[PDB]
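*Asks:* Here is my input, please return the structure:
(chains A, B and C, ligands or ions: 3)
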Amino acid sequence: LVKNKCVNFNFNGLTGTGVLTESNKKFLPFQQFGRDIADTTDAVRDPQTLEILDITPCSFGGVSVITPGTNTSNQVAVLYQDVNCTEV
Amino acid sequence: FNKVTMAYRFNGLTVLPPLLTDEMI
Amino acid sequence: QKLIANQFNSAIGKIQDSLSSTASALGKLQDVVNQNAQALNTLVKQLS
Ligand SMILES: *[C@@H]1O[C@H](CO)[C@@H](O)[C@H](O)[C@H]1NC(C)=O
Ligand SMILES: *[C@@H]1O[C@H](CO)[C@@H](O)[C@H](O)[C@H]1NC(C)=O
Ligand SMILES: *[C@@H]1O[C@H](CO)[C@@H](O)[C@H](O)[C@H]1NC(C)=O
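*Replies:* Numbers count the residues shown, from 1 in each chain, chains lettered A, B, ... in the order given. Ligands and ions are numbered 1, 2, ... in the order given. Okay, here it is:
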């Protein structure tokens, strides 16, 4: 098991791709999946050792090319929207 | 601001930031 | 002037409580924000 690094995970038949992290949300013992308002999978419990893992989509955001007119320059500054600067 | 108040970002619905921050408004 | 001063100030004060003591004054805004978050929920639930 790996943390804070986007993986493609299967937990006890539950499949999903996200960023598995430590999490403070506390399950009831019999429970399996945490969820969210969208019914989308949110938190999970590691079966081999019980621990509450969050999930998170990959990153996404749109690419945006900031440019002066091609009449001025051919240089552009790329904006990656709504991401943290690592995965670049 | 008290009265008024990745869920949709998981799929694709990305809530872009309004050009003008509230502090500018 | 002095009178109009007080009427103004005492009018401003009640604007606080008009907002402070009732949450329905902002419904117009609150409705906009909800309907946006509304359709998004609906749009998401359509995936399932
Ligand atoms: C997995 O193995 C470890 C030791 O190998 C043990 O402490 C733990 O309880 C095991 N998990 C389950 C769910 O049995
Ligand atoms: C735009 O580029 C053309 C050449 O392609 C040039 O003749 C014109 O002066 C330029 N105009 C501006 C506003 O840069
Ligand atoms: C980016 O990650 C760093 C640590 O990796 C963190 O301190 C920072 O708050 C993060 N920023 C965003 C916008 O996620």
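
*Asks:* closest point of chain A to chain B, which residue?
*Replies:* residue A:57 (4.5 Å; C-beta to the nearest C-beta). The way it works is simple: take the backbone N, C-alpha and C, and place the C-beta from them, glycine included.

*Asks:* Excluding chain neighbours, what is closest to that residue?
*Replies:* residue B:10 (4.5 Å; C-beta to C-beta, 6 or more residues apart in numbering or on different chains).

*Asks:* Burial check on the one you found, number of neighbours?
*Replies:* Per other C-beta atoms under 10 Å in any protein chain shown, the neighbour tally for residue B:10 reads 20.

*Asks:* From residue A:41, how far off is it?
*Replies:* Remark: distance between residue B:10 and residue A:41 (C-beta to C-beta, to the nearest Å) = 9 Å.

*Asks:* Let me know whether stretch A:41-53 sits next to chain C.
*Replies:* No: judged by C-beta under 8 Å from any C-beta of the partner chain, stretch A:41-53 stays clear of chain C, getting no closer than 12.1 Å.

*Asks:* buried ones in that stretch?
*Replies:* For stretch A:41-53, the neighbour count (16 or more other C-beta atoms under 10 Å in any protein chain shown) marks A:41, A:42, A:43, A:44, A:45, A:52, A:53 as buried.

*Asks:* Tell me the one of these nearest residue B:17?
*Replies:* Nearest to residue B:17 among these, counting by C-beta to C-beta, is residue A:42 at 23.9 Å.
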